[PDB]
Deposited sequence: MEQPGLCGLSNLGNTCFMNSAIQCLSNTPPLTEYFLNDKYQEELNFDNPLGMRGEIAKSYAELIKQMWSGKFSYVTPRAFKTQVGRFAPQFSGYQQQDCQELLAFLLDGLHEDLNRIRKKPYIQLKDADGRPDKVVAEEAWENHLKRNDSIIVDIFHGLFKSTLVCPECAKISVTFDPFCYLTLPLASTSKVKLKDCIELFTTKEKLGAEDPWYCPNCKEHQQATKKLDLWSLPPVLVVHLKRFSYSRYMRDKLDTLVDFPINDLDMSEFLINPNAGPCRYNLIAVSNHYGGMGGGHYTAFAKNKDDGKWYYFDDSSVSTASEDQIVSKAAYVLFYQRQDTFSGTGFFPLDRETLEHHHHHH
């Protein structure tokens, strides 16, 4: 058997979990962190928001199994049992589980011992660069982990009161982007739609702090900074949109969307896809992933692993896309673990 080419037993409508695990397992800087035992010293047992280290520990133990090269498949019973204990709601939505896991891993590994209270602020007519750099510093004072290092970006939100002209600007972290789907469209069409001005309705109004009243304000999102690993959730369920979204395998250039003039390169290659077949409350999840060792694509359908061709990856079954920024790849020294390993080996 080859490390990472390891299927996962279905334990009874757990294909949503197996699909999310194959995407994270095939996120190189995340797996490397766990295979190099960098997590033990960062486990945060006392965190009121975390899972007593139990999600990080069980996930670490499963990844070590999957990348040992001893197994054609493993049964992720202990991990499924810890997920169920801390998140009883877990056929599910693969994106909700991913959302739970990115937050749970983060809080289990969070380097901040005691979170300080931050007086949240509007731009107040200040320049974007200063408000963005403030937001990011504030985020890191409460949130500092391997999950932040890999997955967290920053978006700008602009709310416009139709009474009083109040322009409310905030910078907010994200660890994934949920895109609205526009028969066939391009991923870049979906990103453009994500960053388009939309009116809020009677459902979910915005409170104007000038007017002291709820308004149907216009909300525009813009991307300030994009993470090393960008997780792109295609909003199919919100019964299910079967729209064919065409996405690139290589050289997704995001630079046209980034409003930060001093940003570095933002070219991404695909590393995994969560697929979904059938309809909302049922159907079946699988995954495509690029193995970090051989650079080839494989298809993971619970316990089964098979070679895939790049020609099969782009289908309407594509639900969550994992992209990695080229400048962060293993061998660049971008990640501290990569840099330490390179410096050790040279």
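Comparing the deposited sequence with the modelled residues, the stretches lacking C-alpha coordinates are 1, 92-95, 188-189, 246-251, 360-362.
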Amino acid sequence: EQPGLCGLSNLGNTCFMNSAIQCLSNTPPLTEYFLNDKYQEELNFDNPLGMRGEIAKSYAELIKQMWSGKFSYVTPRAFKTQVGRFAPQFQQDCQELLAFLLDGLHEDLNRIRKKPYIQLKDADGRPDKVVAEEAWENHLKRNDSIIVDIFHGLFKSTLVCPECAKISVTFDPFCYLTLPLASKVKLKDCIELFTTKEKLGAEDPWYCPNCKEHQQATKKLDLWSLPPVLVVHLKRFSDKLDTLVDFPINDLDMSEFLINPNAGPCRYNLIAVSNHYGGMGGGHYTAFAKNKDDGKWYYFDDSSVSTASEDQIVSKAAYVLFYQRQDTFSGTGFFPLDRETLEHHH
From here on, numbers count along this sequence of modelled residues.
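Of the two stretches examined, 122-130 and 224-232, the record assigns the greater average C-alpha temperature factor to 122-130. Look at the C-alpha B-factors of 273-281 and of 32-40. On average they run higher in 273-281. In this entry, the residue among 145, 95, 218, 178 with the greatest C-alpha B factor is 218.
Between the residues 109, 245, 167, 101, it is 167 that shows the highest Cα B-factor in the PDB record. When the CA B factors of the chain's modelled residues are split into thirds, the value for residue 153 lands in the lowest one. For residue 52, the recorded CA B-factor ranks within the highest third of the chain. Only modelled residues enter the ranking. Residue 61: CA B factor in the lowest third of modelled residues in this chain (values from the PDB entry). Annotation for residue 301: CA B-factor lies in the lowest third of the chain's modelled residues. Residue 76: CA B factor in the lowest third of modelled residues in this chain (values from the PDB entry).
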